[PDB]
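Q: Enclosed is the structure file protein_34.pdb (PDB, C-alpha atoms and all ligand atoms).
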```pdb
ATOM      1  CA  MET M   1      90.080 140.582  50.576
ATOM      2  CA  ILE M   2      92.128 141.473  53.658
ATOM      3  CA  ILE M   3      91.429 142.698  57.183
ATOM      4  CA  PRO M   4      90.742 146.467  57.172
ATOM      5  CA  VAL M   5      93.421 148.607  58.777
ATOM      6  CA  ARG M   6      90.880 150.639  60.768
ATOM      7  CA  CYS M   7      87.367 150.153  62.065
ATOM      8  CA  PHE M   8      85.051 151.963  59.663
ATOM      9  CA  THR M   9      83.001 153.599  62.409
ATOM     10  CA  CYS M  10      85.571 154.153  65.176
ATOM     11  CA  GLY M  11      89.020 154.525  63.617
ATOM     12  CA  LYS M  12      90.644 152.036  65.962
ATOM     13  CA  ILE M  13      93.408 149.985  64.348
ATOM     14  CA  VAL M  14      92.160 146.433  63.771
ATOM     15  CA  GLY M  15      94.643 145.480  61.044
ATOM     16  CA  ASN M  16      97.078 143.927  63.532
ATOM     17  CA  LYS M  17      94.373 141.855  65.260
ATOM     18  CA  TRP M  18      93.093 139.429  62.598
ATOM     19  CA  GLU M  19      95.970 136.970  63.025
ATOM     20  CA  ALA M  20      95.886 137.338  66.821
ATOM     21  CA  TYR M  21      92.127 136.752  66.715
ATOM     22  CA  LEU M  22      92.693 133.616  64.635
ATOM     23  CA  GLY M  23      95.262 132.428  67.173
ATOM     24  CA  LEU M  24      92.940 133.014  70.115
ATOM     25  CA  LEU M  25      90.294 131.012  68.245
ATOM     26  CA  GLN M  26      92.928 128.326  67.640
ATOM     27  CA  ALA M  27      92.787 128.127  71.396
ATOM     28  CA  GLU M  28      89.465 127.045  72.920
ATOM     29  CA  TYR M  29      88.288 130.662  73.306
ATOM     30  CA  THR M  30      84.636 131.457  72.867
ATOM     31  CA  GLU M  31      84.298 133.796  69.914
ATOM     32  CA  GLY M  32      83.507 136.791  72.136
ATOM     33  CA  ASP M  33      86.282 136.307  74.673
ATOM     34  CA  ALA M  34      88.859 136.622  71.887
ATOM     35  CA  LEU M  35      87.537 140.075  71.003
ATOM     36  CA  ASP M  36      87.377 140.963  74.697
ATOM     37  CA  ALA M  37      91.016 139.927  75.144
ATOM     38  CA  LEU M  38      92.071 141.910  72.058
ATOM     39  CA  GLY M  39      90.855 145.068  73.812
ATOM     40  CA  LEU M  40      87.848 145.551  71.522
ATOM     41  CA  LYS M  41      85.101 147.051  73.696
ATOM     42  CA  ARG M  42      82.816 148.889  71.272
ATOM     43  CA  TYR M  43      80.582 146.652  69.188
ATOM     44  CA  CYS M  44      81.447 148.629  66.045
ATOM     45  CA  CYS M  45      85.060 147.486  66.350
ATOM     46  CA  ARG M  46      84.013 143.971  67.394
ATOM     47  CA  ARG M  47      82.001 143.553  64.195
ATOM     48  CA  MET M  48      85.182 144.189  62.202
ATOM     49  CA  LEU M  49      86.730 140.921  63.387
ATOM     50  CA  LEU M  50      83.425 139.080  63.822
ATOM     51  CA  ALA M  51      82.146 139.629  60.285
ATOM     52  CA  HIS M  52      85.462 139.709  58.419
ATOM     53  CA  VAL M  53      85.946 136.984  55.814
ATOM     54  CA  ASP M  54      89.583 136.490  54.786
ATOM     55  CA  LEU M  55      89.532 135.887  51.033
ATOM     56  CA  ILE M  56      93.176 136.822  50.414
ATOM     57  CA  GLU M  57      93.898 133.286  51.601
ATOM     58  CA  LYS M  58      91.788 131.955  48.706
ATOM     59  CA  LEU M  59      93.275 134.380  46.178
ATOM     60  CA  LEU M  60      96.805 133.307  47.132
ATOM     61  CA  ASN M  61      95.940 129.777  45.970
ATOM     62  CA  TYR M  62      96.321 131.051  42.380
ATOM     63  CA  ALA M  63     100.098 131.064  42.342
ATOM     64  CA  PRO M  64     101.487 133.073  39.403
ATOM     65  CA  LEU M  65     104.669 130.982  39.329
ATOM     66  CA  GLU M  66     105.213 127.895  41.486
TER      67      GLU M  66
ATOM     68  CA  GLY B 370      79.482  82.019  68.313
ATOM     69  CA  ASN B 371      75.920  82.540  67.085
ATOM     70  CA  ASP B 372      76.002  86.204  66.077
ATOM     71  CA  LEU B 373      74.939  87.959  62.892
ATOM     72  CA  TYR B 374      77.956  88.284  60.575
ATOM     73  CA  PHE B 375      76.088  89.137  57.374
ATOM     74  CA  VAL B 376      77.697  91.436  54.801
ATOM     75  CA  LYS B 377      76.497  92.478  51.335
ATOM     76  CA  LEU B 378      79.367  93.448  49.019
ATOM     77  CA  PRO B 379      78.914  95.064  45.573
ATOM     78  CA  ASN B 380      79.876  93.518  42.235
ATOM     79  CA  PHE B 381      83.433  94.884  42.173
ATOM     80  CA  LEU B 382      84.275  93.473  45.641
ATOM     81  CA  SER B 383      82.864  89.952  45.200
ATOM     82  CA  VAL B 384      84.873  87.735  47.554
ATOM     83  CA  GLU B 385      85.397  84.042  46.837
ATOM     84  CA  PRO B 386      82.798  81.745  48.470
ATOM     85  CA  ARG B 387      85.613  79.330  49.424
ATOM     86  CA  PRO B 388      89.041  79.776  51.038
ATOM     87  CA  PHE B 389      91.862  80.663  48.674
ATOM     88  CA  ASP B 390      93.613  77.455  47.594
ATOM     89  CA  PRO B 391      96.270  77.011  44.874
ATOM     90  CA  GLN B 392      94.319  74.105  43.330
ATOM     91  CA  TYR B 393      91.123  76.170  42.926
ATOM     92  CA  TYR B 394      92.704  79.349  41.502
ATOM     93  CA  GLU B 395      93.756  80.097  37.933
ATOM     94  CA  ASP B 396      94.939  83.038  35.828
ATOM     95  CA  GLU B 397      92.274  84.070  33.313
ATOM     96  CA  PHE B 398      91.879  87.840  33.692
ATOM     97  CA  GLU B 399      94.381  90.520  32.697
ATOM     98  CA  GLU B 406      92.613 101.946  33.114
ATOM     99  CA  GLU B 407      90.481  99.474  31.170
ATOM    100  CA  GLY B 408      92.153  96.368  32.603
ATOM    101  CA  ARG B 409      92.993  97.847  36.004
ATOM    102  CA  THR B 410      89.499  97.178  37.391
ATOM    103  CA  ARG B 411      89.399  93.660  35.889
ATOM    104  CA  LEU B 412      92.273  91.998  37.766
ATOM    105  CA  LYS B 413      91.100  93.545  41.066
ATOM    106  CA  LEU B 414      88.124  91.148  41.114
ATOM    107  CA  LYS B 415      90.102  87.949  41.818
ATOM    108  CA  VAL B 416      93.241  89.254  43.595
ATOM    109  CA  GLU B 417      92.088  91.747  46.235
ATOM    110  CA  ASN B 418      88.858  89.802  46.804
ATOM    111  CA  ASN B 437      90.202  86.008  54.069
ATOM    112  CA  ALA B 438      88.154  88.890  55.483
ATOM    113  CA  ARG B 439      88.362  90.425  58.965
ATOM    114  CA  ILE B 440      85.541  92.840  59.836
ATOM    115  CA  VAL B 441      87.160  95.182  62.363
ATOM    116  CA  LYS B 442      84.941  96.723  65.043
ATOM    117  CA  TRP B 443      86.066 100.187  66.128
ATOM    118  CA  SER B 444      85.263 102.193  69.264
ATOM    119  CA  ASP B 445      82.823 104.528  67.494
ATOM    120  CA  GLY B 446      80.677 101.454  66.718
ATOM    121  CA  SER B 447      81.131 101.343  62.942
ATOM    122  CA  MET B 448      82.983  98.585  61.083
ATOM    123  CA  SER B 449      85.396  98.420  58.158
ATOM    124  CA  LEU B 450      86.654  95.869  55.644
ATOM    125  CA  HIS B 451      90.318  94.787  55.622
ATOM    126  CA  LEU B 452      91.258  92.831  52.478
ATOM    127  CA  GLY B 453      94.757  94.263  52.107
ATOM    128  CA  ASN B 454      96.470  97.645  52.340
ATOM    129  CA  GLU B 455      93.216  99.497  51.557
ATOM    130  CA  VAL B 456      90.426  99.877  54.130
ATOM    131  CA  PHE B 457      86.758 100.189  53.128
ATOM    132  CA  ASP B 458      84.526 101.736  55.790
ATOM    133  CA  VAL B 459      81.216  99.871  56.008
ATOM    134  CA  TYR B 460      77.830 100.517  57.624
ATOM    135  CA  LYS B 461      75.772  97.660  59.099
ATOM    136  CA  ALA B 462      72.384  98.780  57.800
ATOM    137  CA  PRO B 463      69.649  96.982  59.764
ATOM    138  CA  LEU B 464      67.141  96.684  56.906
ATOM    139  CA  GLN B 465      63.872  95.070  57.992
ATOM    140  CA  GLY B 466      62.685  94.357  54.458
ATOM    141  CA  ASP B 467      64.493  91.077  53.731
ATOM    142  CA  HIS B 468      64.185  88.903  56.843
ATOM    143  CA  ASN B 469      65.830  85.884  55.245
ATOM    144  CA  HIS B 470      66.947  83.040  57.520
ATOM    145  CA  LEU B 471      70.513  82.548  56.313
ATOM    146  CA  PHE B 472      71.758  78.989  56.809
ATOM    147  CA  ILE B 473      74.662  76.820  55.641
ATOM    148  CA  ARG B 474      72.846  74.475  53.233
ATOM    149  CA  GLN B 475      75.570  72.012  52.262
ATOM    150  CA  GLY B 476      74.547  68.801  50.555
ATOM    151  CA  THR B 477      75.043  65.931  52.989
ATOM    152  CA  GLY B 478      71.559  65.074  54.248
ATOM    153  CA  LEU B 479      68.251  64.665  52.419
ATOM    154  CA  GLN B 480      68.381  67.971  50.501
ATOM    155  CA  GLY B 481      70.556  70.890  51.558
ATOM    156  CA  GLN B 482      71.049  70.151  55.263
ATOM    157  CA  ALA B 483      70.693  73.770  56.331
ATOM    158  CA  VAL B 484      72.318  74.580  59.676
ATOM    159  CA  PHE B 485      70.555  77.343  61.618
ATOM    160  CA  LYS B 486      73.392  79.776  62.339
ATOM    161  CA  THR B 487      71.902  83.288  61.969
ATOM    162  CA  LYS B 488      69.024  84.975  60.148
ATOM    163  CA  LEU B 489      70.280  87.649  57.755
ATOM    164  CA  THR B 490      68.658  91.028  58.446
ATOM    165  CA  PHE B 491      71.494  93.569  58.592
ATOM    166  CA  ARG B 492      73.291  94.268  55.299
ATOM    167  CA  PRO B 493      76.756  95.890  55.483
ATOM    168  CA  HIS B 494      77.482  97.978  52.362
ATOM    169  CA  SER B 495      81.206  98.462  51.736
ATOM    170  CA  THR B 496      82.552 101.119  49.389
ATOM    171  CA  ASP B 497      85.728 103.028  48.566
TER     172      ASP B 497
ATOM    173  CA  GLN Z  12     115.994 148.598  20.794
ATOM    174  CA  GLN Z  13     113.189 147.196  22.955
ATOM    175  CA  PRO Z  14     111.687 143.910  21.657
ATOM    176  CA  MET Z  15     108.244 144.269  23.301
ATOM    177  CA  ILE Z  16     108.667 141.618  26.003
ATOM    178  CA  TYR Z  17     105.630 139.585  27.083
ATOM    179  CA  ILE Z  18     105.003 137.228  29.999
ATOM    180  CA  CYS Z  19     103.696 133.758  29.240
ATOM    181  CA  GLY Z  20     100.800 132.143  31.059
ATOM    182  CA  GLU Z  21     101.293 128.537  32.139
ATOM    183  CA  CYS Z  22     105.057 129.246  31.882
ATOM    184  CA  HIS Z  23     105.531 132.791  33.262
ATOM    185  CA  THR Z  24     108.744 133.135  31.235
ATOM    186  CA  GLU Z  25     109.504 136.427  29.518
ATOM    187  CA  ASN Z  26     109.325 136.077  25.735
ATOM    188  CA  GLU Z  27     110.543 138.456  23.026
ATOM    189  CA  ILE Z  28     107.748 138.941  20.484
ATOM    190  CA  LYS Z  29     108.274 141.335  17.591
ATOM    191  CA  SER Z  30     105.688 142.084  14.930
ATOM    192  CA  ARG Z  31     104.740 139.377  12.425
ATOM    193  CA  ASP Z  32     105.457 136.716  15.061
ATOM    194  CA  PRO Z  33     103.259 133.887  16.360
ATOM    195  CA  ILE Z  34     102.156 134.422  19.952
ATOM    196  CA  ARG Z  35     103.598 131.309  21.573
ATOM    197  CA  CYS Z  36     105.852 130.787  24.559
ATOM    198  CA  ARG Z  37     109.512 130.111  23.877
ATOM    199  CA  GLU Z  38     109.013 126.910  25.884
ATOM    200  CA  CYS Z  39     106.342 124.263  26.419
ATOM    201  CA  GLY Z  40     103.749 125.821  24.126
ATOM    202  CA  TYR Z  41     101.252 128.482  25.192
ATOM    203  CA  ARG Z  42      98.817 130.582  23.167
ATOM    204  CA  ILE Z  43      97.881 132.823  26.125
ATOM    205  CA  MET Z  44     100.300 135.483  27.291
ATOM    206  CA  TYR Z  45     100.034 138.854  29.021
ATOM    207  CA  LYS Z  46     101.965 142.103  29.068
ATOM    208  CA  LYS Z  47     104.484 143.449  31.540
ATOM    209  CA  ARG Z  48     103.831 146.375  33.841
ATOM    210  CA  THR Z  49     104.466 149.810  32.395
ATOM    211  CA  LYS Z  50     107.626 151.805  33.029
ATOM    212  CA  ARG Z  51     105.638 155.039  33.311
ATOM    213  CA  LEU Z  52     105.539 156.801  36.675
ATOM    214  CA  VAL Z  53     102.857 155.284  38.921
ATOM    215  CA  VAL Z  54     102.011 157.696  41.753
ATOM    216  CA  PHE Z  55      98.980 157.417  44.040
ATOM    217  CA  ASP Z  56      98.047 160.284  46.332
ATOM    218  CA  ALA Z  57      96.737 157.817  48.895
ATOM    219  CA  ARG Z  58      93.147 158.743  49.712
TER     220      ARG Z  58
ATOM    221  CA  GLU K 498     114.531 120.841  22.022
ATOM    222  CA  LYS K 499     113.907 122.924  25.155
ATOM    223  CA  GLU K 500     111.514 120.364  26.649
ATOM    224  CA  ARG K 501     114.018 117.559  25.993
ATOM    225  CA  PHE K 502     116.450 118.392  28.817
ATOM    226  CA  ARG K 503     114.020 120.468  30.915
ATOM    227  CA  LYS K 504     111.879 118.498  33.347
ATOM    228  CA  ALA K 505     108.141 118.419  32.592
ATOM    229  CA  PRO K 506     106.955 118.902  36.195
ATOM    230  CA  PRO K 507     108.636 122.322  36.338
ATOM    231  CA  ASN K 508     106.638 124.282  37.342
ATOM    232  CA  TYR K 509     103.051 125.046  36.357
ATOM    233  CA  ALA K 510     102.719 122.036  34.021
ATOM    234  CA  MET K 511     101.856 119.728  36.943
ATOM    235  CA  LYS K 512      98.053 119.556  36.729
ATOM    236  CA  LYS K 513      98.094 119.567  32.926
ATOM    237  CA  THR K 514     100.743 116.846  33.129
ATOM    238  CA  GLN K 515      98.498 114.869  35.487
ATOM    239  CA  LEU K 516      95.577 115.066  33.061
ATOM    240  CA  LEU K 517      97.796 114.154  30.102
ATOM    241  CA  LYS K 518      99.276 111.175  31.965
ATOM    242  CA  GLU K 519      95.795 109.959  32.905
ATOM    243  CA  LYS K 520      94.746 110.235  29.255
ATOM    244  CA  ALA K 521      97.876 108.379  28.115
ATOM    245  CA  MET K 522      97.260 105.574  30.613
ATOM    246  CA  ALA K 523      93.608 105.346  29.549
ATOM    247  CA  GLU K 524      94.327 105.411  25.804
ATOM    248  CA  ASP K 525      96.618 102.353  26.044
ATOM    249  CA  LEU K 526      95.257  98.806  26.078
ATOM    250  CA  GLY K 527      98.655  97.440  27.163
ATOM    251  CA  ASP K 528      99.168  96.731  30.855
ATOM    252  CA  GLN K 529     102.814  97.845  30.923
ATOM    253  CA  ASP K 530     101.989 101.381  29.779
ATOM    254  CA  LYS K 531      99.094 101.571  32.245
ATOM    255  CA  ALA K 532     101.317 100.495  35.143
ATOM    256  CA  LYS K 533     104.103 102.903  34.171
ATOM    257  CA  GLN K 534     101.608 105.763  33.883
ATOM    258  CA  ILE K 535     100.066 104.857  37.243
ATOM    259  CA  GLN K 536     103.459 104.875  38.965
ATOM    260  CA  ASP K 537     104.460 108.165  37.329
ATOM    261  CA  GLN K 538     101.130 109.770  38.246
ATOM    262  CA  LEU K 539     101.411 108.597  41.855
ATOM    263  CA  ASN K 540     104.930 110.010  42.145
ATOM    264  CA  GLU K 541     103.900 113.313  40.551
ATOM    265  CA  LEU K 542     100.846 113.584  42.806
ATOM    266  CA  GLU K 543     102.962 112.946  45.906
ATOM    267  CA  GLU K 544     105.527 115.558  44.856
ATOM    268  CA  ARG K 545     102.853 118.137  43.999
ATOM    269  CA  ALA K 546     101.011 117.540  47.275
ATOM    270  CA  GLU K 547     104.249 117.945  49.237
ATOM    271  CA  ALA K 548     105.008 121.177  47.372
ATOM    272  CA  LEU K 549     101.501 122.531  47.987
ATOM    273  CA  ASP K 550     101.586 121.641  51.690
ATOM    274  CA  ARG K 551     105.001 123.291  52.045
ATOM    275  CA  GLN K 552     103.654 126.510  50.513
ATOM    276  CA  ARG K 553     100.517 126.363  52.686
ATOM    277  CA  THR K 554     102.577 125.265  55.699
ATOM    278  CA  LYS K 555     102.288 128.775  57.189
ATOM    279  CA  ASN K 556      99.371 131.200  57.561
ATOM    280  CA  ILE K 557      96.935 128.867  55.777
ATOM    281  CA  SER K 558      97.425 125.761  57.912
ATOM    282  CA  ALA K 559      96.594 127.863  60.987
ATOM    283  CA  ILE K 560      93.267 129.113  59.642
ATOM    284  CA  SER K 561      92.309 125.609  58.495
ATOM    285  CA  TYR K 562      92.971 124.390  62.036
ATOM    286  CA  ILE K 563      90.847 127.152  63.528
ATOM    287  CA  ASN K 564      88.074 126.579  60.965
ATOM    288  CA  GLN K 565      87.787 122.879  61.776
ATOM    289  CA  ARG K 566      87.864 123.885  65.442
ATOM    290  CA  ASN K 567      85.195 126.537  64.800
ATOM    291  CA  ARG K 568      82.749 124.115  63.198
TER     292      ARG K 568
HETATM  293 ZN    ZN C 601      84.995 150.990  65.908
HETATM  294 ZN    ZN C 602     104.599 128.612  23.295
END
```
Let me see whether you can do it: turn the structure in this file into structure tokens.

A:
Amino acid sequence: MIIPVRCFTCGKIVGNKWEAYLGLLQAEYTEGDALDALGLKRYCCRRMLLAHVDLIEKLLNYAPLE
Amino acid sequence: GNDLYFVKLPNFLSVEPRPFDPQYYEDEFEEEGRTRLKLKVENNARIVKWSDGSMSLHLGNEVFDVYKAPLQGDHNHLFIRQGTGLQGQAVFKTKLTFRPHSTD
Amino acid sequence: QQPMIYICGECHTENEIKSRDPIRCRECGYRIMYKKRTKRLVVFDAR
Amino acid sequence: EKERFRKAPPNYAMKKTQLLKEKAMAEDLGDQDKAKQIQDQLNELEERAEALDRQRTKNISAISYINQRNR
């Protein structure tokens, strides 16, 4: 549903980097340079933001009220 | 002057073959009736050419994007055959080959 | 003196349903409705 | 009696109201009812679209931008 707080393999906090990653991709960044800028060096941590699919945006379309 | 301006509209966009004149128009037509009055009110035409190359139809506030399909299966020599000479004095203006299909 | 409050569906308005009552929303008409969260102690030893 | 003074479009009855208004316009052979239903449906659709865009104005607009940019 939502970006994991930590990389499964490493333990590095990647929960505060999904929105920043989306912003850097809002810029004309190539998909790898965004990860490089976010300080993600290991490929295990890079896969966290590469492969993540944000479904919580789709689940929030089902408003309980309003 | 002599350029292909052929367009093929569907049944629900049939434009009048003559200019709109108050002496040739009459009120005969009325969700069921909403598509009936649209035949003789919205249907004079200005085919806009855009920069991407495609065209569109402008018959009011709504714009229908059209594609000038160059179909080489009906190479009919379109001509203005009005009855003044011996029999349908066709004027050779342009041969119809490209059919533009408009749609909503 | 608790009337067993429910939450409607399409409405999301708390309704008071006692026994022998038809399950409908107090407004706008709704045959689906859910239950409120418990008041019991919810404690997760996060792990 | 509650629905009398309480507006129909509040709050989750919008889509159901849209379907019901379309059915009411379709079920009537009179042009006046069809035109009134069309105007009401257009107004309701505009209001609902504005409300939905306002709710999605933040955090969902951004990812839609970056998705169109991605493709
Ligand atoms: Zn890692
Ligand atoms: Zn009810």

Q: Could you pull out the residues sitting within 7 Å of ligand ZN 602 (chain C), using all atoms listed in the file, and write them as a ChimeraX atom specification?

A: /Z:35-42

Q: Pull the neighbourhood of (107.6, 120.1, 28.9) for me: all residues within 12 Å in file coordinates, counting only C-alpha atoms, as a count of residues only.

A: 25

Q: Using the chain letters and numbers from the file, give me the residues hit by the PyMOL selection byres (((chain K and resi 563) around 9) and not hetatm), as a PyMOL selection string.

A: (chain M and resi 22-23+25-27) or (chain K and resi 558-562+564-568)

Q: Draw an axis-aligned box tight on the listed atoms of region 393-406 of chain B, then pad every side by 4 Å and write out centre and edge lengths in Å to one decimal as AutoDock Vina command-line options.

A:
```
--center_x 93.0 --center_y 89.1 --center_z 37.8 --size_x 11.8 --size_y 33.8 --size_z 18.2
```

Q: Quick one: residues within 12 Å of residue 482 (chain B), all atoms listed in the file, excluding same-chain residues fewer than 6 positions away - as a count of residues only?

A: 5

Q: Could you list, as a ChimeraX atom specification, every residue within 10 Å of residue 523 (chain K), counting only C-alpha atoms and ignoring same-chain residues fewer than 2 positions away?

A: /B:406-409 /K:517-521,525-527,530-531,534

Q: I need the contact residues of chain Z against chain M, so if you could list those with any atom within 12 Å, counting all atoms listed in the file, and return them as number ranges by chain, that would help.

A: Z: 18-24, 45

Q: Output file request: region 2-16 of chain M, with N, CA, C and O atoms, as an mmCIF file, in the first residue's frame.

A:
```cif
data_model
loop_
_atom_site.group_PDB
_atom_site.id
_atom_site.type_symbol
_atom_site.label_atom_id
_atom_site.label_comp_id
_atom_site.auth_asym_id
_atom_site.auth_seq_id
_atom_site.Cartn_x
_atom_site.Cartn_y
_atom_site.Cartn_z
ATOM 1 N N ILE M 2 1.812 1.332 0.926
ATOM 2 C CA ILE M 2 2.553 2.557 1.194
ATOM 3 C C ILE M 2 4.042 2.235 1.231
ATOM 4 O O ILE M 2 4.446 1.092 1.450
ATOM 5 N N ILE M 3 4.856 3.262 1.013
ATOM 6 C CA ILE M 3 6.307 3.053 0.920
ATOM 7 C C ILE M 3 6.810 2.435 2.220
ATOM 8 O O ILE M 3 6.482 2.939 3.311
ATOM 9 N N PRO M 4 7.604 1.363 2.182
ATOM 10 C CA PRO M 4 8.134 0.807 3.430
ATOM 11 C C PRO M 4 9.031 1.799 4.153
ATOM 12 O O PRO M 4 9.727 2.618 3.546
ATOM 13 N N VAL M 5 9.006 1.715 5.483
ATOM 14 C CA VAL M 5 9.812 2.616 6.301
ATOM 15 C C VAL M 5 11.296 2.324 6.110
ATOM 16 O O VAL M 5 12.118 3.244 6.025
ATOM 17 N N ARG M 6 11.660 1.048 6.022
ATOM 18 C CA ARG M 6 13.050 0.638 5.912
ATOM 19 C C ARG M 6 13.237 -0.312 4.738
ATOM 20 O O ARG M 6 12.338 -1.077 4.378
ATOM 21 N N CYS M 7 14.428 -0.256 4.146
ATOM 22 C CA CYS M 7 14.812 -1.255 3.160
ATOM 23 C C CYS M 7 14.831 -2.631 3.812
ATOM 24 O O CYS M 7 15.392 -2.807 4.898
ATOM 25 N N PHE M 8 14.215 -3.610 3.147
ATOM 26 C CA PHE M 8 14.107 -4.940 3.739
ATOM 27 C C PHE M 8 15.478 -5.541 4.000
ATOM 28 O O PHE M 8 15.707 -6.156 5.049
ATOM 29 N N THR M 9 16.404 -5.375 3.061
ATOM 30 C CA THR M 9 17.701 -6.020 3.161
ATOM 31 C C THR M 9 18.697 -5.220 3.985
ATOM 32 O O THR M 9 19.460 -5.804 4.760
ATOM 33 N N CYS M 10 18.705 -3.894 3.839
ATOM 34 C CA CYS M 10 19.706 -3.051 4.476
ATOM 35 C C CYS M 10 19.260 -2.576 5.855
ATOM 36 O O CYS M 10 19.928 -2.847 6.856
ATOM 37 N N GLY M 11 18.127 -1.884 5.927
ATOM 38 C CA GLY M 11 17.683 -1.272 7.161
ATOM 39 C C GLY M 11 17.717 0.237 7.053
ATOM 40 O O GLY M 11 17.360 0.951 7.995
ATOM 41 N N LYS M 12 18.147 0.731 5.896
ATOM 42 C CA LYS M 12 18.207 2.163 5.661
ATOM 43 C C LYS M 12 16.801 2.723 5.491
ATOM 44 O O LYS M 12 15.956 2.124 4.819
ATOM 45 N N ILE M 13 16.552 3.875 6.106
ATOM 46 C CA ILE M 13 15.231 4.491 6.082
ATOM 47 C C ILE M 13 14.961 4.982 4.661
ATOM 48 O O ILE M 13 15.676 5.843 4.145
ATOM 49 N N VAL M 14 13.933 4.424 4.028
ATOM 50 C CA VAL M 14 13.466 4.887 2.730
ATOM 51 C C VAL M 14 12.018 5.360 2.787
ATOM 52 O O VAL M 14 11.392 5.553 1.741
ATOM 53 N N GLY M 15 11.464 5.555 3.988
ATOM 54 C CA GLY M 15 10.084 5.998 4.088
ATOM 55 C C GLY M 15 9.911 7.471 3.804
ATOM 56 O O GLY M 15 8.825 7.905 3.411
ATOM 57 N N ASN M 16 10.971 8.259 3.999
ATOM 58 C CA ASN M 16 10.949 9.696 3.758
ATOM 59 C C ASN M 16 11.470 10.072 2.378
ATOM 60 O O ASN M 16 11.762 11.247 2.138
#
```
